[PDB]
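For reference, the structure is listed below as structure tokens.
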Protein chains: 6
Amino acid sequence: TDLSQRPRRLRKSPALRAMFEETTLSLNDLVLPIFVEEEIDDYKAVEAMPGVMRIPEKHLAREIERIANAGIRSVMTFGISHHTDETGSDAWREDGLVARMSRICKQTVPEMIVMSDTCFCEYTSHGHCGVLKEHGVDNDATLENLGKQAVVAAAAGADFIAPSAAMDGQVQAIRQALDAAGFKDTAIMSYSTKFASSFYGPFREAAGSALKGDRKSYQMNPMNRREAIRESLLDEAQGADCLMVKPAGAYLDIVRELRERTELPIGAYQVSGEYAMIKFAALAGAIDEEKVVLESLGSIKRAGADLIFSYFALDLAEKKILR
Amino acid sequence: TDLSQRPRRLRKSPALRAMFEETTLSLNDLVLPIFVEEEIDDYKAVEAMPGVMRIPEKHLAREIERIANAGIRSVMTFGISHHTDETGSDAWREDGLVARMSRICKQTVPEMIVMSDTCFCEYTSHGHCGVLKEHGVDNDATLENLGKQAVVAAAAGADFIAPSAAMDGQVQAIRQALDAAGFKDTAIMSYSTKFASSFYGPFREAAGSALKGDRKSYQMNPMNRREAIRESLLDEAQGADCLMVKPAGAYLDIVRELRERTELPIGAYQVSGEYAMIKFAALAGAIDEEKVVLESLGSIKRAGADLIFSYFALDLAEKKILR
Amino acid sequence: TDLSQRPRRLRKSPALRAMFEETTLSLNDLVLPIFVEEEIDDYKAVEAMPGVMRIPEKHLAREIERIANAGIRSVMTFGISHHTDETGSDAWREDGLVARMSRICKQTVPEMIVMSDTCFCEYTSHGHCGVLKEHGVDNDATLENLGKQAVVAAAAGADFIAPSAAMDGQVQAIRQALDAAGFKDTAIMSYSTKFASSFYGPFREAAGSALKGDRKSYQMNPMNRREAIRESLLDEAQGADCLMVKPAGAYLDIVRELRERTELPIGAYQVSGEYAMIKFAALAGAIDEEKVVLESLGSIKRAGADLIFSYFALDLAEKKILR
Amino acid sequence: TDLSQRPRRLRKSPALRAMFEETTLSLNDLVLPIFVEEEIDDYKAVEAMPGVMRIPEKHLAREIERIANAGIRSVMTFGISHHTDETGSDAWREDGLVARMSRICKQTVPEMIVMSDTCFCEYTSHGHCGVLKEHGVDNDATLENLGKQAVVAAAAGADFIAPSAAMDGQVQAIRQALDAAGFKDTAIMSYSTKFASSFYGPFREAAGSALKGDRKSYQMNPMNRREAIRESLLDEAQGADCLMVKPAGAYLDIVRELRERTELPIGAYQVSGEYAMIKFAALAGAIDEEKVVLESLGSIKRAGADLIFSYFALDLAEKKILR
Amino acid sequence: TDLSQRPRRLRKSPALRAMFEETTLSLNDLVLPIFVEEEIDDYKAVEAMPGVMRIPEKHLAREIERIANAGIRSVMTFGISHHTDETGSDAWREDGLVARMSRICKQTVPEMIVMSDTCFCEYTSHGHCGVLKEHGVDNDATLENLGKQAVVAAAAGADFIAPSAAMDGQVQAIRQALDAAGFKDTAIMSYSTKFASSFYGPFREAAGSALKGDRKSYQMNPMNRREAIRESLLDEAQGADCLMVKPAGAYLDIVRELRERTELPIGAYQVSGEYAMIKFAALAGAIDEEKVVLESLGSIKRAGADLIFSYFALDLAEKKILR
Amino acid sequence: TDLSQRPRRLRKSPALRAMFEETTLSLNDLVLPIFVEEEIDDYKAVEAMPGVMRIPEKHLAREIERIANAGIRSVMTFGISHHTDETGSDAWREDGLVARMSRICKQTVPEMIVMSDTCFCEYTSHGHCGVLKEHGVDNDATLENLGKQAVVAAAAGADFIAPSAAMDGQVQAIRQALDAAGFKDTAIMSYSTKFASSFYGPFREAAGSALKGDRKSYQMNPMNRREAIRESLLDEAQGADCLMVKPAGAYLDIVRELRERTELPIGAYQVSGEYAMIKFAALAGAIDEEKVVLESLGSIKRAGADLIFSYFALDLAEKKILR
Ligand SMILES: [Zn+2]
Ligand SMILES: [Zn+2]
Ligand SMILES: [Zn+2]
Ligand SMILES: [Zn+2]
Ligand SMILES: [Zn+2]
Ligand SMILES: [Zn+2]
Ligand SMILES: [Zn+2]
Ligand SMILES: [Zn+2]
Ligand SMILES: [Zn+2]
Ligand SMILES: [Zn+2]
Ligand SMILES: [Zn+2]
Ligand SMILES: [Zn+2]
Ligand SMILES: [Zn+2]
Ligand SMILES: [Zn+2]
Ligand SMILES: [Zn+2]
Ligand SMILES: [Zn+2]
Ligand SMILES: [Zn+2]
Ligand SMILES: [Zn+2]
């Protein structure tokens, strides 16, 4: 046929596809979320997240070292509390779980980039991402607490404070608190664009949030693309060091549009539900796990994400699939 | 706190979120892919696609009518051949399965928008999307065949010829053939941007493609965002009536960028692997199926897709979840 | 003929046009403006707005419930005052008509999204949208009053305070007042871009504004497209939750340009004159009312409006034309 | 208050608003559509278009001269046929009504810019905009006829051939025919973007189209903004001298987007329904006719239209409202 | 100090800089240019390119295998001729050096991506990049020869024909010739934007071009950024598979602008002069070679290049600096 | 051949290339960096920068006058300290080397545009660009010092204070200090985008910085293009009069992108390593020095730089190569 343009010419062999591959994926793009449960002896399996375990705080220095050894550059800590209360106050206690996870990680592996998930859903009685009032989850009371938590987390060693409560002004609030507390160097990995997604099922079982109801009054509507960009831009305006889109998998268009709207780094969260959809389909033999994971992750990088939070990170590292 | 901007104000209640919801999803956005197997009496279950059946050609007029009755506007037909050969020649026989699926659908429900998947992977001995030569899958020999198939499919009643073989110049080739054959009114739903994705596992079991190897020499690299846009733009240049991104789920950034690069309609394919990841995780209780499906689909619409090919379409229609 | 591109292929049938229809319209896009007259027993017909009635305040809880029952998500309240004065002070009385409309609506149907029109034209002796001085309608004195009104309206239950006085700094003024008064959660639906349009005739008879003269010193010039965009952007800068273009019908280009200039929601007002032009032509048999309304409204949505204020809303809801 | 930005400063008086008025409107922007009925003695009133008359062909030279005298620069001729047939063949007869309207106008007022509406809806038995086949309104057979009509219209004196049949490739077809026929200098005022609008009611009664059914298979969907732009761009590609959006009133966003997408002139049609909505509301006293017309027209110019087809043109000219 | 924004926070340690590093460099980005001299026994050292040798054709299969073994994906072949003539006709002889380099490389390592430099400067008596006439270097006579050379090179095994003669229409000419000759699958790596740079000194000594004078009548002006982009876009229009900017080092702005103007792959040539500037400064101890090379190369990738032609490639591969 | 477009037509002769040359280079684009060592009698040769000498402070008025006489418009002063300490306090002493270089230059040649390099690497014991603490190079303590230095430098006659320490908020800090000190007219030539480049080797030997380690915690990653643009934009936001990209040679894409992102002037630094790479290759005879320098410099101007800091400046001026 008379076709001057033939894109298939650069797909002829593996070598050519590698020369022309536009996106790369490596361990430098991954952040390992880790679940730490205090006051427990044995690792707990998160059934809805095949292969994922809750780390007993007592095995934490061992795990972090294992994580570090695999080449993992950073982790996002998530705690399973045995000290919840109406406001998740343990989150801001100098020696609450939040601080200890951070402190243990950083003392054990000082070059480990520790990100502290900053919220209250895992420490509150009601399971909401903040202070519960009769109007719902009070924005401003939560901000104060986030700020307090940030200072203790930073004091404990966290390199990034990562607010995931979806509260308005949370980056500003936490930045002021860190600065005032003397932690001007502590970064903020904002969960800038966080949707009220149905892809968080598994997480609830993993992290222990007691929430009976939803977070639609704070987490934004999955359908809102313009709002999603504005959400993250407000965060850049409030000084966040890195922004983030969560979930990432079904939101690659948001990741791409945000990438074209800011020079800030952009993180992308491959949520528990994404991880579970892959594991369960792979377990059923419907798909090849390794291929789907890499494509999934590569897709997130293609969309423009500088960092990806993935529960597969350690396994990819250990199996040497990524380096 | 002093926050003049509070995005949470429009997330306060369900009514407010509905007023402000930026994206809509309805039956007008869905296309039902259907699998028809010739020469069989009973429906066959596609194990890797829980809930999906191969329709015996003899039950086809009944199914299509059922599909139509649910409010489904259109279907994409896929055949399971009992007459394969080195070139998938049944695909171009006036009365091959391709034609019959189309003819049966259109005679039974004349207002049904019939899209014919136009390829050879389901009719060839080797399972490749075309004519197999010593150089691999010959582009040009395939184009001629696609063209022949398009004419018989169109002659049979197909409203859209949908080339999914990933061959270069396929839209041009098929358009010339339809025009010359007198089917100037027959549209082309190009699978313009089709990646060599690992999300097609289930499909192979559903549609019967005999391929032992891969399609990387024709289907494009999942990592290639610039090439992906160029792929579809070449298709617009060749006259396609509608373009398409496939898979869709992990390619929403591509869908969004393409949407900003063309005024043509854009279809998006929620592949078998996507459908399987949701079904299997839902079966394991890790996620809520209905919520994940709607979010998944709504996300594809948010990204900019005018149409979505989803295996969930009939179920959403029948259960009245979408109208 | 040799035409590779044939847009008519996707216009062939109703099914195809529905699959390809780029814009949707539903009850989630409509806001019902409602006219409430205090101290009256019977509904009053607004002659210049066939089918539109002034609701006696005493029938208000009944109407709102009717409105809610039809599926209407929100209303914009407009009062007809029997207590006007040089400054429209009833507008800011804790129990003035403004507050009562809001309170009645919200107590009767708590999930009803109440927007309070915030102005003084309906409460002043002179009929102007504010405080009348020798220089004309004093901007700053009006701002103070708007702020006072906003607090009582919010205190009364309004979800949105909607300033329609066209005063400079009105969003800022009202936001400060709400915040200081403790109504940080109360939104602002700014009538950001409001022209000095000739399409408001009917309104004057509906709402009772006593104005003898014009509002050209505050409402902006219909011809000013650049100013129109700047008007709304200043409003976004002052914190408005939603912006608005009014009128909408003859200003769809403004709606479209604003949509490309902000991520904020955008409301569009199908003014009384638009509603009257359609009703009267339809009454004369020159056009089909239902078709013209839907096209009119669909056009406003096509232009980019997230919400439309339309006097047809209830009728479309009740007749089940939109859902 | 402390407001550095005060847009109201330039709205203070009429002089200031005139200095700052961003859009102008004059007789140089208007095209008068004219309705000419052959074989009739008296002017016929178009009831659905108060003030609009069908001109008997015998009074045509008088009217055109009147039109010219008022300062009107150009007219769009529309005929009411007493010689219809299955194909509207009178439209292409050397001396059919189409030619005569043009010839009479140009001989009587040689500097008059004559635009010939080029279609068949007014000359066919069935009332469709073209050749009726079993598939509907055949595109290609219509194109041939349009071309024939264009040559006779051009031969007769028309300066612009204005295809309003909404057929694909109509500009290309008509350009080839004019060129081949030796009318390379004859322009094409394409009705590039013409929607299947409900605002054409009155027209049917004015122009006499016998259509019982709709034109949705050729006129495009009112909701389709992307398609609308593509429609006009294809026309620019086919060589149109001027493009057009019709209707104009509820499509100002389309006018604006097209203006930013082409350097070609853009015409905008204030359809019969628009004209009727204004007349009827004005007749009912709901609005001020003159103000609404000028705002309506000024809005169309604001949106970016270089020319407007308005039935008010002569009246505005004669009353000296525009010059 | 009160600084909310602190970019230094993500530069704190090596781990953080690696997480945030925006650009990657690997062996998949490199193409090794190789110099092959026919009819010689020993490797010849190119004095102006420390570490670079001319490979005797007889050691070629050994070198290519060595190159392949190091992980190098592709090479650009350059010949040193012992059969020059007024037109460089050996370049098009079925068994000229050009063909043999290609054939030897591909037979020895079939998966090696062979790019053939396509020009005549190394085969002509006068040393110019083409056919020398009294007007200078005849464009069109050169095009014919390039085409002939391309066919023999492709016939010999080259995967890419890489025209570096800077002739107008060279991509078009070579594409037609390959297609006509039946090498439709053979790609074209155009040296689309090639400046008349002073950075090619060393090359002349390496490749043996006999030119006494300059190439300013064909190679474009180093100062011309607009022309440089147009040069490459014309090449995309003529069908090139990949474009290229050469030199690359002092032209990163061109690389970046081209990257934003095309979806095609972009190669970038780190010319001999660049390689020599680094080697000589490193030899003098003024800079660290390895760091400068990687920064140099990383910079080219940062600018947007998909591939880089670098003489350091093999050394980086062998020393395991890149993988 | 049939080629309508022939770019070679404007490359035919030197006259045509000069008419069409898109970029110019002159002495008005150059800034001469100068190295002044206090307390020394003889000029010292910087071995890693052939031709570059350290000027003894006592010969400074002679050199500056020589520099001025050659037509050089401005210089960037760099001192070699014989009074270093833990904080580089001499830099802020009223009569420290920094002040004296400036004072000597401006008194000797009052119209000379003096830019003072503002940092501490040349005055600190440890060689870092600031105050060394246990956390590394303290940002804020450095800012205070920079500010102090700026005032004494400005007081001494510097026209531009040029912070090259890569500290966050350095422009803001220095602007406040100058303003408060009464030097509101003193400009700031920020080294806005300064990478942690390996091209600074030679400089260390020239300027005497004692640093044993690296500056990666303050100078930004060479690979970071988005951060690089943000770095400079923050500087514009802090009030810098001119921005700068350093190094320039391997960062022309950054220069170009910044040029399209700001209206501020942009300086570009051709670092010592660039100067050394050219000198050493030229010394080895691998390239022509004069041609490479001019191309190098012209390339920097092509990329969009308004000013270039080049060590070749005086030589080009004196040899009359540029005027
Ligand atoms: Zn305990
Ligand atoms: Zn939470
Ligand atoms: Zn937020
Ligand atoms: Zn059979
Ligand atoms: Zn296939
Ligand atoms: Zn393709
Ligand atoms: Zn009363
Ligand atoms: Zn008012
Ligand atoms: Zn305003
Ligand atoms: Zn007759
Ligand atoms: Zn018609
Ligand atoms: Zn058209
Ligand atoms: Zn020989
Ligand atoms: Zn050459
Ligand atoms: Zn060229
Ligand atoms: Zn001393
Ligand atoms: Zn320094
Ligand atoms: Zn900086």
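All residue numbers given for chain F refer to Swiss-Prot; the residues shown span 2-324 in order.
So how was this one determined? The header says X-ray crystallography, 2.0 Å.
Note: Cβ is positioned from N, Cα and C throughout, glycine not excepted.
Here is what Swiss-Prot records for this protein:
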BINDING   F:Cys120, F:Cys122, F:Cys130  Zn(2+) binding site
ACT_SITE  F:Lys195  active site, schiff-base intermediate with substrate
BINDING   F:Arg205, F:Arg216  5-aminolevulinate 1 binding site
BINDING   F:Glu232  Mg(2+) binding site
ACT_SITE  F:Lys247  active site, schiff-base intermediate with substrate
BINDING   F:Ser273, F:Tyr312  5-aminolevulinate 2 binding site
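Feature map: annotations from Swiss-Prot on the structure.
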residue: F:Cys120; record: Zn(2+) binding site; CB count, 10 Å: 29
residue: F:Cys122; record: Zn(2+) binding site; CB count, 10 Å: 26
residue: F:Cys130; record: Zn(2+) binding site; CB count, 10 Å: 26
residue: F:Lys195; record: active site, schiff-base intermediate with substrate; CB count, 10 Å: 26
residue: F:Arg205; record: 5-aminolevulinate 1 binding site; CB count, 10 Å: 17
residue: F:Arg216; record: 5-aminolevulinate 1 binding site; CB count, 10 Å: 24
residue: F:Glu232; record: Mg(2+) binding site; CB count, 10 Å: 25
residue: F:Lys247; record: active site, schiff-base intermediate with substrate; CB count, 10 Å: 24
residue: F:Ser273; record: 5-aminolevulinate 2 binding site; CB count, 10 Å: 26
residue: F:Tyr312; record: 5-aminolevulinate 2 binding site; CB count, 10 Å: 26
* **Length of the line joining the Cα atoms of F:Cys122 (Zn(2+) binding site) and F:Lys195 (active site, schiff-base intermediate with substrate), in Å** => 14
* Structure fact -> Here the recorded positions F:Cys120, F:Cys130, F:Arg205, F:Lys247, F:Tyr312 meeting chain E with a Cβ under 8 Å reduce to none
* Structure fact -> Those recorded positions out of F:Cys120, F:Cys122, F:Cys130, F:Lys195, F:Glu232, F:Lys247 that pass a Cβ cut-off of under 8 Å to chain A are none
* Subset of recorded positions F:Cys130, F:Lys195, F:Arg205, F:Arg216, F:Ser273, F:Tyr312 within reach of chain B (CB-CB under 8 A) -> none
* Asked: Within 8 Å of the Cβ centre of F:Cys120, F:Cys122, F:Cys130, which other residues of the chain have their Cβ, at the recorded Zn(2+) site?
  -> F:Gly89, F:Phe121, F:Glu123, F:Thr125, F:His129, F:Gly131, F:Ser165, F:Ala166, F:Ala167, F:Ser210, F:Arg216
* To do: Have a look at the recorded positions F:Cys130, F:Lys195, F:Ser273, F:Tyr312 and say which one has the shortest Cα distance to F:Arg205 (5-aminolevulinate 1 binding site).
  => F:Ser273
* Asked: Taking only the recorded positions F:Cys120, F:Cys130, F:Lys247, F:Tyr312, which one has a CA atom nearest to the CA atom of the residue listed as 'Mg(2+) binding site'?
  -> F:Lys247
* Asked: Want to know which binding-site residues, from F:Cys130, F:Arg216, F:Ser273, are within 10 Å of F:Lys247 (active site, schiff-base intermediate with substrate) at Cα; which are they?
  -> none
* Structure fact -> Hits among F:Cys122, F:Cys130, F:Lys195, F:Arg205, F:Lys247, i.e. recorded positions with CB under 6 Å from ligand 18, come out as none
* To do: Anything within 10 Å of F:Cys130 (Zn(2+) binding site)? Look among the recorded positions F:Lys195, F:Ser273, F:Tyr312, comparing CA atoms, and list what you find.
  => none
* Structure fact -> Quick note, F:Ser273 (5-aminolevulinate 2 binding site) and F:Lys195 (active site, schiff-base intermediate with substrate): C-alpha atoms separated, nearest Å, by 14
* Distance [Cα-Cα, Å, rounded] between F:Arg216 (5-aminolevulinate 1 binding site) and F:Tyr312 (5-aminolevulinate 2 binding site) -> 23
* Structure fact -> Reading the DSSP string in three states, the entry for F:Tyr312 (5-aminolevulinate 2 binding site) is coil
* For F:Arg205 (5-aminolevulinate 1 binding site): DSSP state (helix, strand, coil) -> helix
* Structure fact -> Integer Å value for the Cα distance linking F:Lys195 (active site, schiff-base intermediate with substrate) with F:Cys120 (Zn(2+) binding site) is 13
* Please list, in sequence order, those recorded positions from F:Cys120, F:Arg205, F:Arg216, F:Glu232, F:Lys247, F:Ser273 with the Cβ less than 6 Å from ligand 7. => none
* Write down the Cα-Cα distance for F:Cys120 (Zn(2+) binding site) and F:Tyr312 (5-aminolevulinate 2 binding site), rounded and given in Å. => 19
* To do: Return one of helix, strand or coil for F:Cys130 (Zn(2+) binding site), based on DSSP.
  => coil
* Asked: Under DSSP, is F:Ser273 (5-aminolevulinate 2 binding site) helix, strand or coil?
  -> helix
